[PDB]
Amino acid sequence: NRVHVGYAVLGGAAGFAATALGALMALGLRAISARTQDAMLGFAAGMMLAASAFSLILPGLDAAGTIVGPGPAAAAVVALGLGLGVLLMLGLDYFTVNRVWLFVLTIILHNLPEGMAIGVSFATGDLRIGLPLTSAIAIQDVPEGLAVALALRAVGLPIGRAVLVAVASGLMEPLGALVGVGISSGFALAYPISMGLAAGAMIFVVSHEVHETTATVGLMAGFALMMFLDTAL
């Protein structure tokens, strides 16, 4: 309990609320074209890919560079965090009708890195770090909440149940944010390590979520918009 965790809970809350707004838009839409779905998901992926680079790895290296020094030991700390983040998510991807439940688990697992990244990115209190990432994550949460609800409906839930499950799915960002503050505030190196870890987890999820032309337009737009947000915020 402290100041920099509050900003993280607020970040996690904006992630849950953004997901929910996207989820509630499916009530009115019920179905969308494959062109629209593929673009949205490519936009969501592109936002998190650049976020991993510009909001997590690059700030984590700077944080490590002032805790440890300018040498490669700083970069080593982050890279090792990154590899541990991949392997944590490689693990979960492996150790885990009633097919709905298995799709729901994926949706849950894929929200975990975004929640964690919000909580990690606010550990030092720097709005210049947490704000671009949190607002990028909320932005792609709207398409993702919509996408999730429509897909749960496409697999056979009535839109109302599907929207409900989608909204509950978003609770994983508040929860992941709590996890993120925990792993980044134990010791000095916890922060750069946890920045690498969230980036790695994030990159694993988005590799697993990447009509290729329409998806590329979304991918490029999400990437470019992430660069804009990081530069402006």
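Residue indices: 1-based, along the sequence shown. Under this definition, the rigid core comprises the largest set of C-alpha atoms superposing within 1.5 Å between the forms.
Novice: Fit on the core, then compare CA atoms: does 130-138 or 105-113 lie farther from this form in 4 other deposited structures of this protein?
Specialist: Checking 130-138 against 105-113 in 4 other deposited structures of this protein, I find the farther stretch is 105-113.
Novice: Please pick 39-47 or 64-72, whichever has its Cα atoms farther from the shown form in 4 other deposited structures of this protein after a rigid core fit.
Specialist: More C-alpha displacement in 4 other deposited structures of this protein shows up in 64-72.
Novice: Could you tell me how many residues of the deposited sequence sit unmodelled between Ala221 and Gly222 (none, 1 to 3, 4 to 9, 10 or more)?
Specialist: None; the chain is continuous from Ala221 to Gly222.
Novice: Counting only residues that lack coordinates, how big is the gap in the deposited sequence between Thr96 and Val97? Pick none, 1 to 3, 4 to 9 or 10 or more.
Specialist: The entry has a long gap there, with 10 or more residues left out between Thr96 and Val97.
Novice: Quick check on the record: does 39-47 or 201-209 carry the larger mean Cα temperature factor?
Specialist: The recorded data point to 201-209.
Novice: Quick check on the record: does 63-71 or 50-58 carry the larger mean Cα temperature factor?
Specialist: Between 50-58 and 63-71, it is 63-71.
Novice: Pick out which of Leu150, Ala117, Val100, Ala136 has the highest C-alpha B-factor in the PDB entry.
Specialist: Reading the PDB entry, the winner on C-alpha B-factor is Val100.
Novice: Maximum C-alpha temperature factor per the entry, among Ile159, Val142, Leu80, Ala123, belongs to which one?
Specialist: Checking the PDB record, the top C-alpha B-factor among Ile159, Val142, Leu80, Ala123 is at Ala123.
Novice: Tell me, lowest, middle or highest third: where does the Cα B factor of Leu175 rank within its chain?
Specialist: Its C-alpha B-factor belongs to the middle third of this chain's values.
Novice: What third of the chain does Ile193 rank in for C-alpha temperature factor, lowest, middle or highest?
Specialist: Middle third.
Novice: Sort the modelled residues of this chain by their C-alpha B factor and say whether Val5 lands in the lowest, middle or highest third.
Specialist: Top third by C-alpha B-factor.
Novice: Ordered by C-alpha B-factor within the chain, which third holds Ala26? Give me lowest, middle or highest, please.
Specialist: For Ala26, the deposited C-alpha B-factor lands in the middle third.
Novice: Quick check on the deposited entry: does the C-alpha B-factor of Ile32 sit in the lowest, middle or highest third of its chain?
Specialist: It belongs to the middle third of the chain when residues are ordered by C-alpha B-factor.
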